[PDB]
22 protein chains.
Amino acid sequence: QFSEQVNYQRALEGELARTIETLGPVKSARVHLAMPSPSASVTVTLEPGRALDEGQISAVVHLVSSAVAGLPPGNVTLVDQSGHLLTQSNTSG
Amino acid sequence: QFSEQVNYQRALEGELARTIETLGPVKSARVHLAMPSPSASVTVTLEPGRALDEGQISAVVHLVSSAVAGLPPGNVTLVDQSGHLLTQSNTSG
Amino acid sequence: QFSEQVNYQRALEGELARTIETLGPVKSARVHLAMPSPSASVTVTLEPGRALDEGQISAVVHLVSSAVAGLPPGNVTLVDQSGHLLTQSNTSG
Amino acid sequence: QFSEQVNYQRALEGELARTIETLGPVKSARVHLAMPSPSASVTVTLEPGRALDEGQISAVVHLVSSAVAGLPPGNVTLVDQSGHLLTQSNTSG
Amino acid sequence: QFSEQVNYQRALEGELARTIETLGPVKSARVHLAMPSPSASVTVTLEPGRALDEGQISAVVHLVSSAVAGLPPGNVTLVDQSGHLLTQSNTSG
Amino acid sequence: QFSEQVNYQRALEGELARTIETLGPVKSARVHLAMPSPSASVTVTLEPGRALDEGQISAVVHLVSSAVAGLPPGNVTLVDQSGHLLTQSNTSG
Amino acid sequence: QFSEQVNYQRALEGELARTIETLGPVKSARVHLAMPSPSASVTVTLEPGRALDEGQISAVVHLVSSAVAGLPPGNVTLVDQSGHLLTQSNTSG
Amino acid sequence: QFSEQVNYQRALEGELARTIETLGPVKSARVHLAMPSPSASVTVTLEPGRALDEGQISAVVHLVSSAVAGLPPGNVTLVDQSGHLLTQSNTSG
Amino acid sequence: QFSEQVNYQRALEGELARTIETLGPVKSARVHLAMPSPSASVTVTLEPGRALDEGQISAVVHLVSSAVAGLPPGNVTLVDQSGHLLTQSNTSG
Amino acid sequence: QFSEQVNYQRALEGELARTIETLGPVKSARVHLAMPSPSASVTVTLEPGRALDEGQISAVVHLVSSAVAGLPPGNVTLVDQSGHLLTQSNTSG
Amino acid sequence: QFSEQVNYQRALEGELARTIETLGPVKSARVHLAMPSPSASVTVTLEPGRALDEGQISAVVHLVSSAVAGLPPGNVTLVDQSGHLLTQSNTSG
Amino acid sequence: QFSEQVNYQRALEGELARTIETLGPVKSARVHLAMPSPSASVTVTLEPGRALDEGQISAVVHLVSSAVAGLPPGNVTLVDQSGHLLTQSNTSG
Amino acid sequence: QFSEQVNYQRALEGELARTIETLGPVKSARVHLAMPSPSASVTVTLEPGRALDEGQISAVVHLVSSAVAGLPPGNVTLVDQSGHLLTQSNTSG
Amino acid sequence: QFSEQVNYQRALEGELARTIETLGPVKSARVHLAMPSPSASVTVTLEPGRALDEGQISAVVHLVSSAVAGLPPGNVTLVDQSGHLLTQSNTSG
Amino acid sequence: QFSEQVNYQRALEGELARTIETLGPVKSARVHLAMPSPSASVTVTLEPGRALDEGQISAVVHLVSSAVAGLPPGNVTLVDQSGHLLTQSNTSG
Amino acid sequence: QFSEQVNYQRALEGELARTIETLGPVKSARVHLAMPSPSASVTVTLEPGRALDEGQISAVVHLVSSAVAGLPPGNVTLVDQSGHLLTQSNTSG
Amino acid sequence: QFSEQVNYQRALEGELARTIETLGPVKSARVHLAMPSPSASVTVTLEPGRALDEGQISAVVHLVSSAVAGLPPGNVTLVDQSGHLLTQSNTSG
Amino acid sequence: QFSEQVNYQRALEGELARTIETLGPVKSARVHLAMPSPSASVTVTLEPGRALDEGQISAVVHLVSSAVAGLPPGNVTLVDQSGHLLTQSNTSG
Amino acid sequence: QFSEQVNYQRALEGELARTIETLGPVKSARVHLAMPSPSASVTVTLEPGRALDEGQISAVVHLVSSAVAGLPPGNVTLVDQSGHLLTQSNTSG
Amino acid sequence: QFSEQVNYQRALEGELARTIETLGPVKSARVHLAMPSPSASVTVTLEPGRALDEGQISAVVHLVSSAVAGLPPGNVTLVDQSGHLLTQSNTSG
Amino acid sequence: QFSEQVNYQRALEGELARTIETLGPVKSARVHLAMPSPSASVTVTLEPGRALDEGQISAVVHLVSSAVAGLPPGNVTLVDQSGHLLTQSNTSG
Amino acid sequence: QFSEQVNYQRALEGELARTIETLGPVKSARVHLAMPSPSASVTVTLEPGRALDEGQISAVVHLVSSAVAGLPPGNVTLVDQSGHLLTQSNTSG
């Protein structure tokens, strides 16, 4: 049963990575899921010379926070390829 | 049993993706289902030089929110191929 | 048992799609069933240069809402091949 | 058991379709049964240049509403090959 | 058991159809039985240029309403080959 | 057991048909039995140019109503080869 | 057991038919037994130009009413080869 | 057991028929037994030109009423080869 | 067990018939036993030109009434080869 | 067990017959035993021109009444080869 | 067990017959035993021209009444080869 | 067990007969034992021209009454080869 | 067990006979044992011309009464080869 | 077990006989044991011309009364080869 | 077990006999053991011309009374080869 | 089960190490997980001549603290390739 | 078990005999053990011309009374090869 | 299970040793884990001519105290390759 | 178990004998153990011309009384090769 | 289980010995563990011409007292290759 | 189990003997263990011309009294090769 | 289990002997363990011309008293190769 659960989690991770790669100016990303108020970690590798709107960074936030049950939109930690802690709501300091 | 459930979910995802592709100015899309007040994530790849009405974007919203049980019309997150967080009801800020 | 249920649902979907295709100015459609106050989604692909009466759009609504148990006539979401959210009763805004 | 029930329902559907085809100016029809106050859907394809009486449209209504147990005569939805929602009792608006 | 019941019902239907065909000016008919106050549906194909008495149409009514247990004489719906809802007692309007 | 019962009923039907055929001016008849106050249906094919007494039509009535248990003499519906509802006691109108 | 009972009843019927045939001016008859106040049906084929006494018609009545247990002498229905309802006690009208 | 009983009854019938045949002016007779106040039926075929005393007709009555248990002497129905209901005690009218 | 009983009864009948044949002016007789106040039936075939005393007819009566348990001397019915109901005690009328 | 009893009874009968034959002027006799106040039947065939004393007829009576348990000396019925009911005590009339 | 008992009784009978034969003027005798106040039967065949004392006839009586348990000396019935009921104590009349 | 008992009794009888034969003027005797106050029977065959004392006839009495348990000296019945009931104590009359 | 007991008794008898034979003027004797106040029987065959003392006849009495348990010295019955009832204590008359 | 006991008793008897033979003027003796106040029997065969003391006859008495448990010295019966009842204590008369 | 006990007793007897033989002027002796206040029997065969002290006859007494459990020194009966009852304590008369 | 858990932990460690390596100026790192307020240890090997922001060091902290359930952001210990205890919140001294 | 005990006792006897033989002026002795206040018997064969002290005769007494459990020093009976009852404590008279 | 635990502990030890070796100026170290307030022992072999900060010695302390559950930062004992007890908090003297 | 105990006792005896032989002026001894206040027997064979101290005779006493559990030093009986009861404490008289 | 524990203890001993050997001026040492306030024994073989600080002897003490659970730092006994009881805290005298 | 215990005791004895032999001026010794306040026996064979201190005789005492559990130092009995009861504490007289 | 314990004890003994041999001026020693306040025995063989400090004799005492659980430092008995009871604390006299 645990093997089935971990395989399902890995397949979800692969599908999510493929979909977020299918976003235009992104060659690849790396998503990891955390299941206990859950949370998730996104490490986007943004393509150089490209920058999407805040309304589309929230698009990435809600894209990853929606397709998984119980993930609040404010619990996704978004980090680019070199620093750039964009989620100021988590790190409110 | 869990394998049957996941296969049924994947088949539903494939059928829904095919139907939403069968919408004219869309080559392909990517739907993911979230089952616990459920919710779903749609990442449409709109064809360039095409733009459908708001009454037909709500058509996509209700098309994905209807064919699955218990999905409210206000819980679908719609994102185009490059940002464009169209669903302002979820992100009411 | 679940396989039998899903096969029966798929066969019903295929038969319904064939019957709604057998309506004159329609080459093909795509029906999906939602079973919990149930609801259903219809994505008709109307033939160009053809337009049926409102009393025959309600014919499609009742045709899909009747042959399945417990589906109210006001819960069918009807969308043409390009937008055109015809069901104003669901989207009363 | 469920397979026996669905096969019996399909055989009833085929027999009913053959009998309603055996009505003169009809090449073929499409009946679907709904079992929970049940109801049924009839999509007649009337032959061009032919039109039967109201007392014989009620003949079709009672022909389909009688040979199945518990189907009230006012719950049959009758639609021709192109719109023409004839049953005004269901759609009393 | 259900297969035995359905085979017995089909054999009764065939025998009844043969007997009602054995009535003179009738090449063939189509009877269907409904078992829950039961009821039945008769679709007679009367031979052209022939018309039997009302006391012999009631002969058909009682012929089909008698050989089956519990069928009241007023619950048989009689329809000719083209409309002609003869049973005015059911459709008392 | 049900097969034995139906075979016994069919054999009784065949024997009764042979005996009623063995009545002189009758080439063949068709009897059907109804078992729940039971009743039965007789469709005699009287030979042309022949007509038996009322005291011998009651002979047919009691001949079919006697050889089967519990069948009252007033419950037999007698119909000739073309209409002629002779049993006025059932149809007292 | 039921097969044994029906075979015994058929053998009794055959023996009774042979004995009543062994009565002089009778080539053959047809007896049927009814078992629930039981009753029986006799269809004698009297030889032309022959007529037995009333005290010997009652001989036939008691001959068939005696050799079977519990059959009252007044419950036998006697019919000749063409009408002739002789038993006026049953049909006292 | 029932087969043994019926075979014993048939053997008794055969023996009784042989003994009553062994009575002089009788070529053959036909006895049938009725077992529930029981009763029996005798159909003697008296030889022409012969007639035995009443004290020897009562001999036949008691001969058949004695060799079987519980048969009263007044319950035997005696009929010759052509009518002649001799037992006036049963038919006291 | 029943077969043993019937074989014993038949052997007793044969022995009794042989003994009563061994009585001088008797070529053969026919005895039948009745077992429930029992009774028995004797059909003697007296040799012509011979007649035994009443004290030896009572010899036959007691000969058959003694060798079987519980048979009273007044319950034996004695009949010659042609009528002649000798036992006036049974038929006291 | 019943076969053993009947064989023992038959052997007793044979031995008794042989002993009573061993009495001088008797070629053969025929004894039958009756077992419920029991009784027995003796049919002696006395040799012609011979007659034994009454004190030796009582010898036969006690010879048959003694060698069997419980048989009273007054219950033996003695009959010669032609009538001659010698036992006047049984037939005291 | 019953076979053992009857064989023992027969062996006792044979031995007793041999011993009573071993008495001088007796070629053979015939003893039978009766077991329920028991009793026994002796049929002596006395040699002609020989006659033993009364004190030796009582010798025979006690010889047969002693070697068997419970047989009183007054219950033995003694009969010669031709009548001669010697035991006047049993037949005290 | 019963066979063992009867064989032991027969062996005792043989031994006793041999011993009583071993008494001088006796060629052979015949003893029989009776076991329920028991008793026994002795049939001595005294040699002609020999006569033993009364004190030695009592020797025979006590010789047979001693070697068997419970046999009183007054219950032995002594009979010579021709009558001669010597035991006057048993027959005290 | 009974066979063992009887064999032991017979062996005791043989040994006792041998010992009493081993007494001088005795060629052979015959002892029999009686076991229920028991008793025994001795039949000595004294050699002619020899006579032992009374104190040695009591020697024989005590020799046989001692080697067996529970045999009183006054219960041994002593008889010579020809009468001579020596034990006057038993026969005290 | 009983065989073991009897073999042990016989071996004791043989050993005792050998020891008493081993006494000088004795060629052989015969001892028998009696086991219920037990007792024993000794039949010594004293050698002619020899006579042992009374204190050595008591030696024999105590020799046989000691080596067996529970045998009192006054219960041994001593008899020579010809009478000579030496034990006057047992026979104190 | 009993065989083991008797073999042990016999071995003890043999050993004791050998030891008492090993006493000088004794060629052989014969000891027998009695086990219920037990006792024992010694039959010494003293060598001629030899006589041991009383303090050594008591040596034999205690030698046999000691090596066996529970044997009192006053219960040993000592007898020489010819009478000589030495133990005056047992025979204190 | 424990092997499955440790393999899952090792796979998580490998994936996390690969992702943190996929951060630009990092050739490799070494993560270890601690599961009981849990905690974790990170030993980054920063590439020479590179230094990321504090808002991206907190990016590493939250990247490792998010993808694992229940890890607070203040419990991650971050150490470079040579000392440099950057996390001053843990070591608040 | 009893065989083991007797073998152990015999081995103890052999060892004790060997040790007491190993005493100088003794070629062999004979010890027997008595086990219920137990006791033992010693029959020493002292070598001629040798005599040990009383303090060494008590040495033999205690040597045999010590090596066996529970044997009191005053219960050993010591006898030389010819009388000489040395133990005056046992025989204190 | 214990083998699995010890193998897991050894693998953790090996991984920790490899990671601490991966720290620059360290060729190898030796870690041992202690599991009951747990504690651990570190024996670092610092490379000559190298010395890291106190804030990086605390880096080693927290690196080993973090990756294992429940290890407080003050319970790690740190010793270089030659003495140098650096942890003054444990050894506070 | 008993065999193991006796073998252990014999091995202890052999070892003790070897050790006491290993004492200088002793070629061999003989020890026997007595186990119920236990006791033991020692039969030393002292070498001629040798005599050890009393403090070394007590050495032998304690040497044998110590190596076995529960043996008091005052319960060892010491005897030389010819009398010499040295232990005056046991024999305190 | 005990074998697993002892093997684990031996492996810990070997690893600890190797680590303490890996301390510079030590060729080999010998550690033994004591498990019940536990304790341990260290026998260091210090290399000649080398002497570490007291703060590094306490390093050895805590190195061995830390890597094993529950060992207090004051319970380790430290001894060099030749005496030199360094731990004065244990031996506080 | 007992065999294991005795083998362990023997191995302990052998090891102790070897160690006490390894004491310089001792070629061999003999130790025996006594287990119930236990005790032990030592028989030292001191080498001639050698004598150890009292503080080293107590060394032997404590050497044997220590390596075995529960042996008090005052319960060891020490004896040289020829007398010399050194332990005056045990033999305090 | 006991074999495992004894093997573990022997292995501990061997290891301890090897370690104490590894002490410089010692070629070999002999340690024995005593397990019930336990105790132990050490027999050191000190090398000639060598003498370690008292603080290193206490080193040996604590070296053997530490590596075994529960052994107090004052319960070790230390003896050199020739007397020299060094432990004055045990022998405080």
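- Structure determination for the deposited model, as stated in its record, used cryo-EM, and the stated resolution is 3.8 Å.

- Chain A has the name Flagellar M-ring protein in the PDB entry, where Salmonella enterica subsp. enterica serovar Typhimurium is given as its organism.
- Its official PDB title, as written in the record, is "CryoEM strucutre of 22-mer RBM2 of the Salmonella MS-ring".

Looking at the overall build of chain A
Part 1 of the argument: Helix and strand content of chain A: two helices and three strands.
Part 2 of the argument: The globule rule puts the C-alpha radius of gyration for 93 residues at 12 Å, and the 14 Å found for chain A is close to it.
Part 3 of the argument: Principal-axis analysis of the C-alpha atoms gives chain A an extent of 45 × 30 × 20 Å.

Comments concerning the interface of chain B and chain A
Note on interface size: it is often stated as the accessible area lost on association of the parts.
Part 1 of the argument: Listed as interface residues are 20 residues of chain B and, on the opposing side, 21 residues of chain A.
Part 2 of the argument: Elements represented by at least two residues in the side of chain B that touches chain A include exactly α1 (2-21), β1 (26-34), β2 (39-46) and β3 (76-79) of chain B.
Part 3 of the argument: Class assignment for the residues of the side of chain B that touches chain A results in nine nonpolar, 10 polar and one charged.

Looking at the sheet that holds strand β3 (residues 76-79) of chain Q
Part 1 of the argument: In spatial order, the strands read β1-β2-β3 (chain Q); together these three strands make up an open sheet with mixed pairing. For this open sheet the edge positions go to β1 (26-34) and β3 of chain Q, each flanked by a neighbour on one side alone. Each neighbouring strand pair of the sheet contributes to a mean axis angle of 15 degrees, computed without reference to strand direction.
Part 2 of the argument: Across four bridges, the pairing between strand β2 (residues 39-46) of chain Q and β3(Q) is parallel. From the neighbouring strand, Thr43(Q) faces β3(Q), where its bridge partner is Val79(Q).
Part 3 of the argument: On the sheet, helix α2 (residues 54-66) of chain O packs against β1, β2 and β3 of chain Q and is oriented at approximately 135 degrees with respect to β2(Q).

Observations concerning a nonpolar patch on the surface
Part 1 of the argument: On the surface, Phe2(A), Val6(A) and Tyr8(P) cluster together to form a nonpolar patch covering roughly 250 Å² of accessible area.
Part 2 of the argument: Within the secondary structure, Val6(A) is located in helix α1 (residues 2-21).
Part 3 of the argument: Using a relative accessible area of 33% as the deciding quantity, one classes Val6(A) as partly exposed.

About the criteria used
Residues numbered from 1 in each chain as written, not as in the entry; some residues may be left out. Chains lettered and ligands numbered in written order. Heavy atoms only, no water. Residues with missing side-chain atoms left out of burial classes, pairs and counts. Helix = DSSP H or I, 4+ residues; strand = E, 2+ residues; numbered from the N terminus. Rg over C-alpha atoms; globule rule 2.2 N^0.38 Å. Contact = heavy atoms within 4.5 Å. Nonpolar A, V, L, I, M, F, W, Y, C, P; charged D, E, K, R; others polar. Pairing = 2+ DSSP bridges. Axes fitted to C-alpha atoms, helices over the stretch in contact; angles between N-to-C directions. Patch = residues over 30% accessible without salt bridge, like charges linked within 9 Å, V, L, I, M, F, W, Y side chains within 5 Å. Areas by Shrake-Rupley, 256 points an atom, 1.4 Å probe, with all protein chains shown as cover. Salt bridge = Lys/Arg side-chain N within 4 Å of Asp/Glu carboxyl O. Buried < 20%, exposed > 50% of the residue type's maximum accessible area, 1.4 Å probe, protein only.

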